[PDB]
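The block underneath contains the structure these notes are about, expressed in structure tokens.
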Amino acid sequence: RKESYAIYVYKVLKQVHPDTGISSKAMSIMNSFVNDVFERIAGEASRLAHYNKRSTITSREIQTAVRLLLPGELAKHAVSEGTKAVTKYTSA
Amino acid sequence: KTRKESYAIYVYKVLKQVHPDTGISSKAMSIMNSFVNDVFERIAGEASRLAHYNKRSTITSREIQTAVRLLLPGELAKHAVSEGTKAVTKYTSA
Amino acid sequence: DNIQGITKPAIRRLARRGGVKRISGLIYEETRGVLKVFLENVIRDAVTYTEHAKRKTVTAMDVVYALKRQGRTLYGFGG
Amino acid sequence: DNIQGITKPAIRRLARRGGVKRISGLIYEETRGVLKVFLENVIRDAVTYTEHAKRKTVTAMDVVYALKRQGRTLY
Amino acid sequence: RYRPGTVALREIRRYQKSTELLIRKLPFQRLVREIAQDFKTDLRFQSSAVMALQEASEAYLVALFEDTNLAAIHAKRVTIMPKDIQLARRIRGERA
Amino acid sequence: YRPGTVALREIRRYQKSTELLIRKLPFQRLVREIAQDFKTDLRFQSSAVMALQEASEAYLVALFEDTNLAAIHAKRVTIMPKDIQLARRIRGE
Amino acid sequence: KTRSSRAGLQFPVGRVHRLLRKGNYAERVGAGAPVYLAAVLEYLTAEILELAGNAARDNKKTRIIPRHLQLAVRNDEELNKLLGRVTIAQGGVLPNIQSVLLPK
Amino acid sequence: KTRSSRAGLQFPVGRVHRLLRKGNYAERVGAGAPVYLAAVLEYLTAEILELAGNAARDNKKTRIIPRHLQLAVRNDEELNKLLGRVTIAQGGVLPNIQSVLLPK
DNA sequence: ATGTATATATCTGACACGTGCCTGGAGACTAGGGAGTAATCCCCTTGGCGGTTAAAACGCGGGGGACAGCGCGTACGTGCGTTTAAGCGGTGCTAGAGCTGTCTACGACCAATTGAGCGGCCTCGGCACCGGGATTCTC
DNA sequence: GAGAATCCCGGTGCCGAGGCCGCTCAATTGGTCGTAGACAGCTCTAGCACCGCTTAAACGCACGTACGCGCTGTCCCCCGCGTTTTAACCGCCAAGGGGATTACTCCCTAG
């Protein structure tokens with residue numbers, strides 16, 4: 001299958017803005033955007049895995065990486081939402 | 001003690017091979033040690049992404065050949081691809 | 001030869017979308033010079049990209065990963 | 001008094017290393033503020049590397065990586 | 001009726017309002033064709049590629065002309081000269 | 001008072017040598033205090049502090065070379081804070 | 001049944017897990033890391049989509065154009081300093097006129 | 001019997017192969033790629049060691065100070081573009097004074 | 001009266017070579033799946049038609065903008081008196097960096113399964129386009 | 001006070017943006033084990049802090065002169081506009097050369 005992320009952010013957009021649409025050129029723009037941030041944070045996860053010789057990537061390493069590359073209050077909201085997401089994973 | 005990894009003796013005696021009467025200091029060994037692993041990770045990454053862009057799952061002489069033909073501004077690549085091909089032909093000769 | 005294709009009103013439109021009010025006559029040849037060296041650098045990336053894959057076409061992925069290589073990447077044509 | 005800890009003749013020597021012949025008197029506080037926010041941006045990455053390393057102190061390689069981060073790679 | 005300049009203000013307002021390309025496609029792909037045939041022989045091209053370098057060229061032109069606008073404002077001048085774009089490329093690290 | 005000769009010798013004397021300009025103990029507390037902003041009583045390191053010293057010196061000399069080049073552009077040797085703001089804004093920030 | 005619905009997320013855990021597995025970033029990988037990256041991505045496109053909706057509502061448009069997402073990135077200075085290196089195709093720039101150029 | 005001596009090269013080929021295995025770049029590595037890495041590395045340090053040597057005999061010193069490699073790296077445009085963005089500890093400034101800034 | 005010239009004589013001071021050692025690179029053996037090749041279908045783009053048409057080239061009137069030039073003041077450079085708190089260096093104390101040991105549970109691997117997102121197809125209304133009237137800087 | 005040049009209100013195909021079914025791989029679940037992260041515990045390096053002598057670097061006041069700045073006369077070169085004309089672009093037609101992929105295979109790189 002040819003992987004993409006169309007129905008995902010369509011569901012997300014219906015969750016946040018249930019009377020707003022988007023175009024296919026913009027859909028490709030956000031596809032390039034999600035691939036860019038995914039590749040950036042995965043390269044960061046690899047390099048600060050490689051800095052302290054740790055062969056396993058856990059949540060706290062890339063947590064510190066998103067404290068690194070993201071600026072302040074976005075990093076605070078991201079780490080709060082991430083911590084509540086992994087605690088509602090590990091609660092179940 | 002710890003087994004530290006450094007190529008300071010390698011750069012030290014290519015310096016001795018090409019300049020038989022020239023000295024050097026320890027800060028210099030640290031400074032081109034920083035040089036050679038800087039370029040080592042830079043061109044090891046480059047080829048990596050490239051090959052993955054090509055969707056190939058390996059690293060032979062081809063990916064690194066186009067990476068070193070593409071990466072650095074000039075001259076040193078023009079001698080470098082020739083001397084590297086000559087190196088791999090003496091390897092395959094042996 | 002074919003370098004005057006970006007002629008004077010095209011550079012005037014680029015200046016008006018860039019924010020500069022008054023234009024002198026020496027701006028045009030300098031702007032097309034930096035354009036023909038910048039696009040030369042991008043095409044210099046693209047030729048090694050094409051000859052790496054043994055593939056003789058240049059797609060949007062080629063120029064997008066090339067803009068990723070010089071650190072001026074663009075969204076819309078893959079990531 | 002951390003702002004005025006760094007001396008004005010040190011900024012004069014930095015200007016003469018940069019190649020400045022005549023320099024004004026109001027440049028020092030603005031230069032100090034730009035340097036403060038630059039070192040704060042560096043030491044933010046450095047202190048997140050210290051909390052990365054399970055250490056309560058700073059070292060060499062964290063500052064090394066913090067200099068490799070934003071594109072002023074240290075040599 | 002006859003003005004020194006007010007049509008330029010409406011033109012820059014309309015161009016900052018709009019988002020359409022202001023570079024003609026045929027001379028652009030002609031010039032990248034000449035560069036590509038100057039480098040190698042018998043290359044193939046895609047259309048999405050040439051609108052992608054059209055977007056890259058217009059973004060780089062917008063950035064460089066914003067740079068020359070700010071440099072001319074700090075130079076206390078309205079008319080732009082190639083000294084400003086030369087210093088802009090020297091400061092940004094494009095040439096040195 | 002002899003104008004320009006002593007300044008020229010001064011310019012040559014810190015464009016020839018490689019001496020340190022920023023004093024080690026003021027900058028020490030400076031970065032130590034910037035550190036306290038994140039980690040208080042941060043045990044520090046001598047390699048860390050001369051890393052910040054050389055990074056700050058390189059950034060300062062790059063910004064000041066940018067400033068005096070764009071001042072020589074502006075037909076005036078002297079320096080204003082708007083020149084530093086222009087250099088910071090054009091250079092990326 | 002899906003791990004995204006188990007953890008309450010929307011972006012899938014298995015797809016991004018395969019993305020971080022075959023992308024040679026680490027030989028040994030985690031399991032809270034894919035759900036946490038899904039959470040971070042959810043926050044990122046939530047901020048992006050709310051900014052795009054704000055840029056589309058005042059212009060009275062039911063659809064979001066690349067001009068609207070360009071207005072979404074170039075307005076807030078936090079995201080502008082986050083992703084300022086990346087240009088936007090058919091996005092343009094905001095109308096900016098300096099104070100010197102104003103005729104008086 | 002060493003593979004570096006079999007390749008005729010001086011920079012080691014087993015060391016870079018070891019650093020390539022656990023350096024997490026590719027899951028499969030060819031035989032000629034570490035040799036090519038050692039070759040381009042030997043060429044790069046050979047070129048700047050020639051540059052540091054002629055800077056050392058220009059200043060007439062038996063020991064190459066890092067300042068010697070500063071005016072060795074700032075005397076060619078290829079390494080002024082390859083190492084222009086880099087920042088060097090204890091590097092100084094090359095002699096460059098504008099003609100207009102000089103008096104008379 | 002004093003520098004000095006050119007060799008001492010001691011005499012430290014920073015630098016390159018001769019022994020241990022240990023561990024990881026090399027020789028040898030086994031496997032399997034990743035490039036290698038190539039054939040075939042299909043698809044898109046490079047030429048080539050031609051009308052027609054917004055738009056560039058060219059020349060001309062005109063008006064503020066850039067050029068050097070001259071005077072007015074003042075601000076940074078230079079200097080000496082007076083601090084001062086940087087530098088060396090020394091010593092004393094103790095946190096914490098770093099290495100080792102050991103455990104055990106998260107996670108890679110493998111086999112079966114179910115389900116949901118990709119896509120061709122279908123359908124319809126938002127926006128650009130066009131036509132004409134109100135409205136606002138500018139002369 | 002007039003006039004090009006704008007903004008605004010109303011009709012019009014349309015053609016490119018929302019559903020829907022088919023279904024095929026891909027995410028999900030379960031078992032197994034061998035290793036790496038984490039914790040405890042261990043030895044000494046090195047960072048912190050303070051005392052005291054030395055002193056070259058730094059502050060501060062005094063003045064002097066070129067240089068930043070204010071104003072001015074001037075070519076003069078860009079700016080608005082009328083007139084050809086010349087290449088851009090749209091609509092379209094056929095080719096054929098190149099991109100994808102199926103399908104075995106063997107060797108060379110993992111271990």
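Ligands are numbered from 1 in the order shown, residues from 1 within each chain, and chains are lettered A, B, ... in the order they appear in the structure tokens.
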Identify all chain A residues at most 9 Å from chain J by counting only C-alpha atoms (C1' of nucleotides); ligands do not count. Present them as a PyMOL selection string. chain A and resi 1+22-24+54-56
Convert the current residue selection to file output with N, CA and C atoms, as a compact mmCIF listing (two decimals), in the first residue's frame.
# COMPACT_ATOMS: atom_id res chain seq x y z
N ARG A 1 0.83 -1.20 0.00
CA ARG A 1 0.00 0.00 0.00
C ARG A 1 0.87 1.25 0.00
N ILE A 22 -10.12 21.60 3.31
CA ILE A 22 -8.76 21.88 2.88
C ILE A 22 -8.58 21.30 1.48
N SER A 23 -7.54 21.77 0.78
CA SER A 23 -7.27 21.37 -0.59
C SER A 23 -6.20 20.28 -0.64
N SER A 24 -6.05 19.70 -1.83
CA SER A 24 -5.08 18.62 -2.03
C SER A 24 -3.65 19.12 -2.09
N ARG A 54 23.72 4.72 24.47
CA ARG A 54 22.53 3.93 24.80
C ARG A 54 21.93 3.35 23.53
N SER A 55 21.83 2.02 23.48
CA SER A 55 21.31 1.33 22.30
C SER A 55 19.79 1.34 22.21
N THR A 56 19.10 1.73 23.27
CA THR A 56 17.64 1.75 23.30
C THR A 56 17.15 3.18 23.44
Report task. Output as a ChimeraX atom specification the set of chain H residues within 12 Å of chain G, with distances taken over only C-alpha atoms. Result -> /H:21-28
Since we have the selection now, will you write its residues out, keeping N, CA and C atoms, as an mmCIF file, in the first residue's frame?
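Result file is selection26.cif:
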data_model
loop_
_atom_site.group_PDB
_atom_site.id
_atom_site.type_symbol
_atom_site.label_atom_id
_atom_site.label_comp_id
_atom_site.auth_asym_id
_atom_site.auth_seq_id
_atom_site.Cartn_x
_atom_site.Cartn_y
_atom_site.Cartn_z
ATOM 1 N N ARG H 21 30.109 -0.156 11.468
ATOM 2 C CA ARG H 21 29.179 -1.207 11.873
ATOM 3 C C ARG H 21 28.234 -0.722 12.969
ATOM 4 N N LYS H 22 28.786 -0.211 14.067
ATOM 5 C CA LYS H 22 27.982 0.268 15.183
ATOM 6 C C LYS H 22 27.731 1.770 15.135
ATOM 7 N N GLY H 23 28.082 2.432 14.033
ATOM 8 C CA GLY H 23 27.733 3.830 13.857
ATOM 9 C C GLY H 23 26.307 4.069 13.413
ATOM 10 N N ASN H 24 25.557 2.994 13.130
ATOM 11 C CA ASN H 24 24.115 3.012 12.846
ATOM 12 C C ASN H 24 23.784 3.862 11.615
ATOM 13 N N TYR H 25 24.556 3.667 10.548
ATOM 14 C CA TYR H 25 24.296 4.318 9.270
ATOM 15 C C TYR H 25 23.525 3.418 8.313
ATOM 16 N N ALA H 26 24.016 2.203 8.080
ATOM 17 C CA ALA H 26 23.329 1.255 7.218
ATOM 18 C C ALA H 26 23.400 -0.130 7.839
ATOM 19 N N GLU H 27 22.363 -0.929 7.585
ATOM 20 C CA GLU H 27 22.331 -2.294 8.093
ATOM 21 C C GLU H 27 23.253 -3.225 7.317
ATOM 22 N N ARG H 28 23.550 -2.914 6.058
ATOM 23 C CA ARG H 28 24.493 -3.691 5.266
ATOM 24 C C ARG H 28 25.555 -2.761 4.700
#
Spatial neighbours of region 65-75 of chain H, max dist 6 Å, only C-alpha atoms (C1' of nucleotides), sep filter under 4 positions, as a list in words
residues 51, 52, 55, 79, 80 and 91 of chain H
Contacts of chain D with chain F up to 9 Å, shortest pair per row, only C-alpha atoms, as a Markdown table:
| residue | atom | partner | partner_atom | distance |
| --- | --- | --- | --- | --- |
| D:2 | CA | F:30 | CA | 5.7 |
| D:3 | CA | F:30 | CA | 7.6 |
| D:4 | CA | F:26 | CA | 8.9 |
| D:5 | CA | F:26 | CA | 5.2 |
| D:6 | CA | F:26 | CA | 5.5 |
| D:7 | CA | F:22 | CA | 8.2 |
| D:9 | CA | F:21 | CA | 8.8 |
| D:10 | CA | F:22 | CA | 5.5 |
| D:11 | CA | F:22 | CA | 7.9 |
| D:12 | CA | F:21 | CA | 8.9 |
| D:13 | CA | F:21 | CA | 6.0 |
| D:14 | CA | F:61 | CA | 6.3 |
| D:15 | CA | F:64 | CA | 6.2 |
| D:16 | CA | F:11 | CA | 5.6 |
| D:17 | CA | F:14 | CA | 5.6 |
| D:18 | CA | F:61 | CA | 4.7 |
| D:19 | CA | F:65 | CA | 6.4 |
| D:20 | CA | F:68 | CA | 6.0 |
| D:21 | CA | F:77 | CA | 6.9 |
| D:22 | CA | F:78 | CA | 4.9 |
| D:23 | CA | F:79 | CA | 5.4 |
| D:24 | CA | F:79 | CA | 5.9 |
| D:26 | CA | F:81 | CA | 7.3 |
| D:27 | CA | F:81 | CA | 5.8 |
| D:30 | CA | F:81 | CA | 6.9 |
| D:31 | CA | F:84 | CA | 8.0 |
| D:35 | CA | F:56 | CA | 7.4 |
| D:36 | CA | F:34 | CA | 7.8 |
| D:38 | CA | F:56 | CA | 8.2 |
| D:39 | CA | F:31 | CA | 7.0 |
| D:40 | CA | F:34 | CA | 5.9 |
| D:42 | CA | F:52 | CA | 8.5 |
| D:43 | CA | F:35 | CA | 6.3 |
| D:44 | CA | F:38 | CA | 7.0 |
| D:46 | CA | F:35 | CA | 8.9 |
| D:47 | CA | F:38 | CA | 6.7 |
| D:48 | CA | F:38 | CA | 8.8 |
| D:56 | CA | F:42 | CA | 6.7 |
| D:57 | CA | F:43 | CA | 4.5 |
| D:58 | CA | F:44 | CA | 5.3 |
| D:59 | CA | F:45 | CA | 5.5 |
| D:60 | CA | F:48 | CA | 5.1 |
| D:61 | CA | F:48 | CA | 8.2 |
| D:62 | CA | F:48 | CA | 8.3 |
| D:63 | CA | F:48 | CA | 6.1 |
| D:64 | CA | F:51 | CA | 7.8 |
| D:67 | CA | F:55 | CA | 8.0 |
| D:72 | CA | F:55 | CA | 8.1 |
| D:74 | CA | F:55 | CA | 7.3 |
Using every Cα, in order, as the fitting set, what is the least-squares RMSD of chain H against chain G?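 Overlaying the two chains on their C-alpha atoms yields 0.7 Å.
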Review point. What is the distance, in Å and to one decimal place, between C1' of residue 46 (chain I) and CA of residue 32 (chain C)?
Key: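 Result for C1' of residue 46 (chain I) versus CA of residue 32 (chain C): 27.1 Å, one decimal.
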- [ ] For each of A:81, A:19, A:3, A:73, take the minimum atom-to-atom distance to chain I, counting only C-alpha atoms (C1' of nucleotides), then give the residue where this is smallest.
- [x]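 The shortest atom-to-atom distance to chain I comes from A:3.
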